[PDB]
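K.L.:
A single structure is presented below for examination.
Number of protein chains: 2
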Amino acid sequence: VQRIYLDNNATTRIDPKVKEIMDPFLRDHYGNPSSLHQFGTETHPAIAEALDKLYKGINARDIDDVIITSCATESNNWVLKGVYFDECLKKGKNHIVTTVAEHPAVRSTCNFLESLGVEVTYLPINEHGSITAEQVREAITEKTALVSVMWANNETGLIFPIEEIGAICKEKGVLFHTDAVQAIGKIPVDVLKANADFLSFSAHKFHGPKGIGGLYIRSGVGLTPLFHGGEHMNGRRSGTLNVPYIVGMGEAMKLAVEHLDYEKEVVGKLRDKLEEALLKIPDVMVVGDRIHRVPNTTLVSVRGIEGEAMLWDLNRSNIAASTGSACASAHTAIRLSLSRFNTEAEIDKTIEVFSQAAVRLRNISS
Amino acid sequence: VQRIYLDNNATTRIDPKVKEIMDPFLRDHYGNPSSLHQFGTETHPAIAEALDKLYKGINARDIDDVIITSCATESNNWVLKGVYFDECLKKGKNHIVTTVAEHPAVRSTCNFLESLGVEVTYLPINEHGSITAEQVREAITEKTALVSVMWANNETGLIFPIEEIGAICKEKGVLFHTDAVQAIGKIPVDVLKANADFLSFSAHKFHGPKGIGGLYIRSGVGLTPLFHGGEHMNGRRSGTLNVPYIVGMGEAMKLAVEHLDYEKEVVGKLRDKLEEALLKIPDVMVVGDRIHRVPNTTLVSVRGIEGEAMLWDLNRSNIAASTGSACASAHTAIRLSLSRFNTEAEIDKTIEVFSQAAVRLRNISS
Ligand SMILES: Cc1ncc(COP(=O)(O)O)c(CN[C@@H](C)C(=O)O)c1O
Ligand SMILES: Cc1ncc(COP(=O)(O)O)c(CN[C@@H](C)C(=O)O)c1O
Ligand SMILES: [Cl-]
Ligand SMILES: [Cl-]
Numbered sequence: 002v003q004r005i006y007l008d009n010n011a012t013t014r015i016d017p018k019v020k021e022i023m024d025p026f027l028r029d030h031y032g033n034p035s036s037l038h039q040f041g042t043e044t045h046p047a048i049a050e051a052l053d054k055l056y057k058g059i060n061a062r063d064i065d066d067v068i069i070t071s072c073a074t075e076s077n078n079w080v081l082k083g084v085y086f087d088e089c090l091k092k093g094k095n096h097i098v099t100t101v102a103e104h105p106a107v108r109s110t111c112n113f114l115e116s117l118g119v120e121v122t123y124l125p126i127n128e129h130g131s132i133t134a135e136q137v138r139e140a141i142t143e144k145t146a147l148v149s150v151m152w153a154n155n156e157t158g159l160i161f162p163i164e165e166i167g168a169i170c171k172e173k174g175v176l177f178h179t180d181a182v183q184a185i186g187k188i189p190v191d192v193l194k195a196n197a198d199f200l201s202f203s204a205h206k207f208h209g210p211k212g213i214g215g216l217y218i219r220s221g222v223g224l225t226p227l228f229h230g231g232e233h234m235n236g237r238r239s240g241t242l243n244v245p246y247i248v249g250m251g252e253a254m255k256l257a258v259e260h261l262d263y264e265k266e267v268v269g270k271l272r273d274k275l276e277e278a279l280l281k282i283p284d285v286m287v288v289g290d291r292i293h294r295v296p297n298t299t300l301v302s303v304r305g306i307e308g309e310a311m312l313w314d315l316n317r318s319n320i321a322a323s324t325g326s327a328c329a330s349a350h351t352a353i354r355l356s357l358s359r360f361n362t363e364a365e366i367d368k369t370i371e372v373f374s375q376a377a378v379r380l381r382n383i384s385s
Numbered sequence: 002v003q004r005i006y007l008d009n010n011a012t013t014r015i016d017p018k019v020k021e022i023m024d025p026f027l028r029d030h031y032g033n034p035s036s037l038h039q040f041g042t043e044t045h046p047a048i049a050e051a052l053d054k055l056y057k058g059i060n061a062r063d064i065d066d067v068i069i070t071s072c073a074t075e076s077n078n079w080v081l082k083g084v085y086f087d088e089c090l091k092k093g094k095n096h097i098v099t100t101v102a103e104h105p106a107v108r109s110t111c112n113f114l115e116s117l118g119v120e121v122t123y124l125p126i127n128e129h130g131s132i133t134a135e136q137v138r139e140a141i142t143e144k145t146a147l148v149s150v151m152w153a154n155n156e157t158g159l160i161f162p163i164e165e166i167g168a169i170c171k172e173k174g175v176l177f178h179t180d181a182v183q184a185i186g187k188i189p190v191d192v193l194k195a196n197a198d199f200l201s202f203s204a205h206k207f208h209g210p211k212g213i214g215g216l217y218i219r220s221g222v223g224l225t226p227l228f229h230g231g232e233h234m235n236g237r238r239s240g241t242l243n244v245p246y247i248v249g250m251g252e253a254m255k256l257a258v259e260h261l262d263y264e265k266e267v268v269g270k271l272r273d274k275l276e277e278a279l280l281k282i283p284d285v286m287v288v289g290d291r292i293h294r295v296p297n298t299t300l301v302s303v304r305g306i307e308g309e310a311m312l313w314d315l316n317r318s319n320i321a322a323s324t325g326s327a328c329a330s349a350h351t352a353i354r355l356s357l358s359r360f361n362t363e364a365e366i367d368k369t370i371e372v373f374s375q376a377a378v379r380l381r382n383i384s385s
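From first to last, the protein sequence lines are chains A and B.
Quick note on numbering: the first sequence equals residues 2 to 330, 349 to 385 in UniProt numbering.
Quick note on numbering: the second sequence equals residues 2 to 330, 349 to 385 in UniProt numbering.
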């Protein structure tokens, strides 16, 4: 059996170099880095190289922190609730502005904060598919504690006017956070260009293991810890370090940025090949803008066929893709998200199987 | 080089069967369980067997939840802060009772809760080395939201009068939580005998990977989530599942309980061998009770030699142990904590190296 994985915005395959670099810390070098003997200290070099790969991966400065978390969801919860106790409760700024397209890790936590009496403006999405950057400008009152905007959307792949919103947040003097999970590995990420005080990212989206993530914190920005115990990570996130996953996530970061040119020149080209081959068929239109998109994702709608149906028939031919709410009723569309491991042959066969399914389910609808 | 690891209360070695069972989910079966295609569903059986190994490992019922967390520190933070928003803020019960020997993951979070205006009684430790169970009885006011007591101490190995305290907490109708990290693998753990509403445990203490843990929640007990997003784990802890670490932690639980008789009949006997061989030398006395201790840990003090000194000289001979504050100034003592992989030969050589060091540093003190 030869199956084709086109759902890399749900999770990615661990790169062999990553599993490679992780194995020894699951095998013989199992010491706790917080220990003082050679079993602990023995682990510090590889840890430092990992963190340096991260700093250099997002262009963070040695003055800043790149705290290692359990996942991007922990990073988002820690940002929202931390700036809640920090600014909303203890500085009055009882307002947070974000988008309606944020991951449930953001939207749901902001919903909890509304439950705590916080006023939140969820910025409406336009027809182009992204935020204007001026929506936040007209949105920032004088009691906004934070602006949170994802770097790129997980369903549509649409990049957002970050860097611009970073400049606006610097101007009005307000905290800036970006869920950058779908940006790492796809497009370059610069915390300094973005004027971001907080940045989130999850490892299993650039071919690292699930269950580890990272939160970037600019120098001087305070964030009341989500994990108390105050021993690890300058006290900001307690708990024994996931040494293996840390190392492998450093290597996953490195390999991810070393394939950026490959991601746009090759992976994006296969995206254009598949997508363009797919809209040559009756009633199918891509959801959202096509120009400012991450190279690897396309989200297309189909005739009078729900997304889950094409997911089922595609699954029966061993091709994996997700759904994605689209335009209006929702109706659910197909999200196909490539990676650096897919080939053109897989793409041709995905167009074959796709068209066969389209006329199959489309004909059976009568 | 042959080095001897006697710091299993800091972390343990991943059992080969665990790395074995984990490998495929780092290799070919990398799908996100939240996905609907065969890559996601393909992972559900091994996940279910893992969770069943956990439930059966702590004698939890199918009605209860055993939520998978990032570590025991996340579990403790989630318990304290969750019952804070649940009971202290929204039921007035602005009081929490715990011990002074709790892990910093507990004590530090309770310190944060005091910062939020919560009254906390940190129960004093006695000369026997444990809590009375009646200390909580005389401590439970009518506005206590929760009692938190570790099952066994990480520095001394002393088991605590759990089950008794569980009965007291059932009587006065108050929430009961136990940090059971040092109990798993060492002694049997029964949530039903303990009348515990919340139980914490970390995986890397029974030969699983660092960076995954578990929190047991009795049926009907509400706990406002620390991770919002509400997709995973009945919504109580969002974030993509650490499929590999979940599987391996299930197997680590299983193998841990299948070696309980070996842990007491063999590992405890090697503990008694080393410890008894060690107090035959001048001014050294074990810290705390010797009867009700986990089979694997001993904490001994030495003459006029700080603990860190013996740690250094032992490290130079490639033997790993930790410290542990003891009695009075502190002075710091030696914590040696065994595992199921140590042999008698290692113990004899640890007594040799130990005595040589004792007279070495002891003589140089003049
Ligand atoms: C009782 C107890 N609870 C919780 C923890 C922390 O577990 P995590 O790192 O997975 O959150 C520990 C670690 N102890 C080690 C640090 C020691 O005592 O040396 C512990 O002994
Ligand atoms: C932008 C973004 N942030 C955060 C997350 C969650 O990451 P963790 O599970 O490591 O916390 C995701 C996952 N997306 C997947 C679920 C999807 O869109 O299908 C995401 O796309
Ligand atoms: Cl918090
Ligand atoms: Cl909370």
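C-beta atoms are modelled at their ideal positions from N, C-alpha and C, and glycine is treated no differently.
If you measure from the CB of residue 234/A, is any heavy atom of ligand 1 nearer than 8 angstroms?
P.N.:
no
K.L.:
At the 9 angstroms Cβ level, is residue 194/A part of the contact set with chain B, yes or no?
P.N.:
no
K.L.:
Counting only runs of 4+ residues fully inside the stretch 138-177 of chain B, write out the alpha helix (DSSP H) ranges in chain order.
P.N.:
165-172
K.L.:
Listing by chain order, which chain A residues have their CB less than 8 angstroms from the CB of residue 39/B?
P.N.:
4, 316, 319, 321
K.L.:
Measuring alpha carbon to alpha carbon, tell me which of 51/B, 17/B, 33/B, 26/B ends up nearest residue 250/B.
P.N.:
51/B
K.L.:
Enumerated in chain order, which unbroken segments of the alpha helix (DSSP H) with a length of 4 residues or greater are wholly contained in the stretch 218-288 of chain B?
P.N.:
List check, alpha helix (DSSP H) in window: 244-259, 269-279.
K.L.:
Taking all protein chains shown into account, do 16 or more other C-beta atoms lie within 10 angstroms of the C-beta of residue 197/A, making it buried, or fewer, making it exposed?
P.N.:
buried
K.L.:
Near residue 89/B, which residues of its chain fall below 6 angstroms by C-beta distance, leaving aside the five closest residues on each side in sequence?
P.N.:
So the qualifying residues of the chain are 95, 119, 146.
K.L.:
Can you pull the chain B residues whose beta carbon is under 8 angstroms from the beta carbon of residue 20/A, in chain order?
P.N.:
27, 28
K.L.:
At a threshold of 8 angstroms, does residue 109/A count as lining ligand 2 (C-beta to nearest heavy atom)?
P.N.:
no
K.L.:
Of the residues 46/A, 303/A, 30/A, 14/A, which one's Cα is nearest the Cα of residue 210/B?
P.N.:
30/A
K.L.:
Hey, how far is the Cα of residue 184/A from the Cα of residue 66/B?
P.N.:
35 angstroms
K.L.:
Determine, using beta-carbon pairs with one atom in the stretch 319-330 of chain A and one in the stretch 295-309 of chain A, whether at least three such pairs fall under 8 angstroms.
P.N.:
yes
K.L.:
Is residue 83/B close to ligand 6? I mean its beta-carbon at under 8 angstroms from any heavy atom of the ligand.
P.N.:
Looking at this structure, you won't find ligand 6 anywhere; what it does contain is ligand 1, ligand 2, ligand 3 and ligand 4.
K.L.:
Could you give the distance in angstroms between the alpha-carbon of residue 294/A and the alpha-carbon of residue 206/A?
P.N.:
16 angstroms
K.L.:
State yes or no: is the C-beta of residue 106/B within less than 9 angstroms of the C-beta of residue 229/A?
P.N.:
yes
K.L.:
State the start and end residues of the unbroken alpha helix (DSSP H) segment that holds residue 58/B.
P.N.:
45-59
K.L.:
Please list the residues of the stretch 75-101 of chain B that have a C-beta atom closer than 7 angstroms to any C-beta atom in chain E, keeping them in chain order.
P.N.:
In the displayed structure, chain E is absent; the protein chains listed are A and B.
K.L.:
Could you pull out every residue in the same chain whose Cβ sits closer than 7 angstroms to the Cβ of residue 34/A, ignoring the five residues on either side in sequence?
P.N.:
41, 44, 45, 48, 242, 244
K.L.:
With residue 68/A as the anchor, note down where its beta strand (DSSP E) starts and where it stops.
P.N.:
That run of the beta strand (DSSP E) goes 66-70.
K.L.:
Taking the DSSP output, what are the residues bridged to residue 290/B?
P.N.:
BP columns for residue 290/B are empty, so no partner.
K.L.:
Determine the extent of the alpha helix (DSSP H) in which residue 379/B is found, giving its start and end residues.
P.N.:
363-383
K.L.:
In whole angstroms, what is the alpha-carbon distance linking residue 225/B and residue 371/A?
P.N.:
48 angstroms
K.L.:
Is residue 237/B close to chain A? Criterion is C-beta to C-beta, closer than 9 angstroms.
P.N.:
no
K.L.:
Could you name the residues of the same chain whose beta carbon sits closer than 6 angstroms to that of residue 80/A, not counting the 5 residues immediately before and after it, in chain order?
P.N.:
178, 199
K.L.:
Counting Cβ pairs closer than 8 angstroms, one from the stretch 122-139 of chain B and one from the stretch 147-165 of chain B, do we hit at least three?
P.N.:
They touch, by the three-pair rule.
K.L.:
Under 8 angstroms: does the beta carbon of residue 340/A sit that close to some heavy atom of ligand 3?
P.N.:
For chain A, the structure lists 330 followed at once by 349, and that leaves residue 340/A out of the model.
K.L.:
To the nearest angstrom, how far is it from the Cα of residue 261/A to the Cα of residue 186/A?
P.N.:
6 angstroms
K.L.:
On the criterion of 16 or more Cβ atoms from any shown chain inside 10 Å, does residue 354/B qualify as buried, or is it exposed?
P.N.:
buried
K.L.:
Whose C-beta lies closer than 7 angstroms to the C-beta of residue 356/A among residues of the same chain, with five residues either side of it excluded?
P.N.:
7, 8, 9, 10, 297, 298
K.L.:
Closest to residue 330/B by CA distance: which of 26/B, 266/B, 303/B, 283/B is it?
P.N.:
303/B
K.L.:
Could you tell me which chain B residues have their CB closer than 9 angstroms to the CB of residue 246/A, listed as they occur along the chain?
P.N.:
210, 211, 212, 243, 246
K.L.:
Where residue 3/B and residue 121/A are concerned, what is the direct C-alpha to C-alpha distance, given to the nearest angstrom?
P.N.:
60 angstroms
K.L.:
Under 9 angstroms, Cβ to Cβ, is there at least one residue of chain A near residue 8/B?
P.N.:
yes
K.L.:
Return the Cβ separation of residue 68/A and residue 234/A in integer angstroms, given the expectation that the two are a contact with Cβ distance under 8 angstroms.
P.N.:
5 angstroms
K.L.:
Less than 9 angstroms between CB atoms is the rule here; does residue 109/B satisfy it with respect to chain A?
P.N.:
yes
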